[PDB]
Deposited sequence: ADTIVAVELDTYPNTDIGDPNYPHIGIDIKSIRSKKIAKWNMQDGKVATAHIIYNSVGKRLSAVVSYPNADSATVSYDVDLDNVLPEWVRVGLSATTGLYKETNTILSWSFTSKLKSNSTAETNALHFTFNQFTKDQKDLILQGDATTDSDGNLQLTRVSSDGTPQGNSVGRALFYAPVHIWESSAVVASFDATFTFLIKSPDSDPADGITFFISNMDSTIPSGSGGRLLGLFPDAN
C-alpha cells in the first residue's frame, strides 16, 4: 500500500466516506477520510488556484483554493509529514470523475521543496503542459490537451468530461521530502485548475498529493477515492 498525503479539492460529497455535505478542500493523511476539511463553494467553469504550503518547523499543512472573484476556502492541519511520508516521495496531482463528472484541467502547477545556506532544492513550474511532458509521469487517463492543459481525467475531443476516470501527473523526479540530517524541510505547491461540469453535480475533484515514489493509481481508487487510495479506510 502507498503512503499518501494529499490536499483534495473534493467537489462531490460522498457522505458514506466522511465528506461533509458540500464541496470541500480536504487534507488527507493516509486515508481519503480528510483529517480536516473546509467548505469550498465550487465555481463551475471558473479557474481556481490552489496553494499548498508546509514546513517541517511549523508542522502545519495548509491549502487555500481561490477563484478570481476573491472567494476562497482554506484548510490547515497540524501534521508532521516527516513522521508520515518516506524521505523520498513523488509529488503529483490526481483527479477522478465517477458517476458524476467534471473536467479536471490543470492549467499550471508549480512546486518547491527545500531541505535546508546548505539548502537543497527542487523547484518546478508548468504554466504550460505539452503533448509529451517528459518530466511528468502521466498515470491513468491523464493527458495533455491541444491547449497545453493537463486533463487529469478524460474529456471527449469536445471537452465533455467523462465519468469513471482517474488520472494523475507526478513530477518525473523524486523529491527528497525530509532527510534525517535536515533542519528544515518545506514545500509549497500551486496549481490552477478548471473544473467545469455540465452536471449540476460535479464529481469528484483534484488532489495535489505526496506519495511514495513508486505510487501508481490504486485499483479501486476511481471516483470518490480520487485516484489516491484503494479503499476508504
Deposited-sequence ranges lacking CA coordinates, in order, are 117-120
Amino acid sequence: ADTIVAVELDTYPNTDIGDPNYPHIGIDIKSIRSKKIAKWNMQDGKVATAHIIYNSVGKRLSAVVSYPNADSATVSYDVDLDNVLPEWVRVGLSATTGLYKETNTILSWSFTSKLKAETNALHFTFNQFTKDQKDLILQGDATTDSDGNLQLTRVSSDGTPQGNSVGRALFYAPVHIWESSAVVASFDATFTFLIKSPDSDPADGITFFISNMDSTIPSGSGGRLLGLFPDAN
From here on, numbers count along this sequence of modelled residues.
What stretch has the higher average Cα B-factor here, 97-105 or 126-134?
-> 126-134
178-186 set against 164-172, stretch whose average Cα temperature factor tops the other in the entry | 178-186
Taking the Cα B-factors listed in the entry, which of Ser146, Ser76, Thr153, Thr112 comes out highest?
-> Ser146
Have a look at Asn55, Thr49, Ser62, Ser197 and flag the one whose Cα has the highest B-factor in the entry.
-> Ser197
Chain thirds of CA B-factor: placement of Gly159 | highest
So, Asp141's CA B-factor, relative to its chain, sits in which third? The middle
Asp28 CA temperature factor, ranked by third within the chain = lowest
Among the modelled residues of its chain, does the C-alpha B-factor of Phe209 lie in the lowest, middle or highest third?
-> lowest
If you rank every modelled residue in this chain by C-alpha B factor, which third holds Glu87: lowest, middle or highest?
-> middle
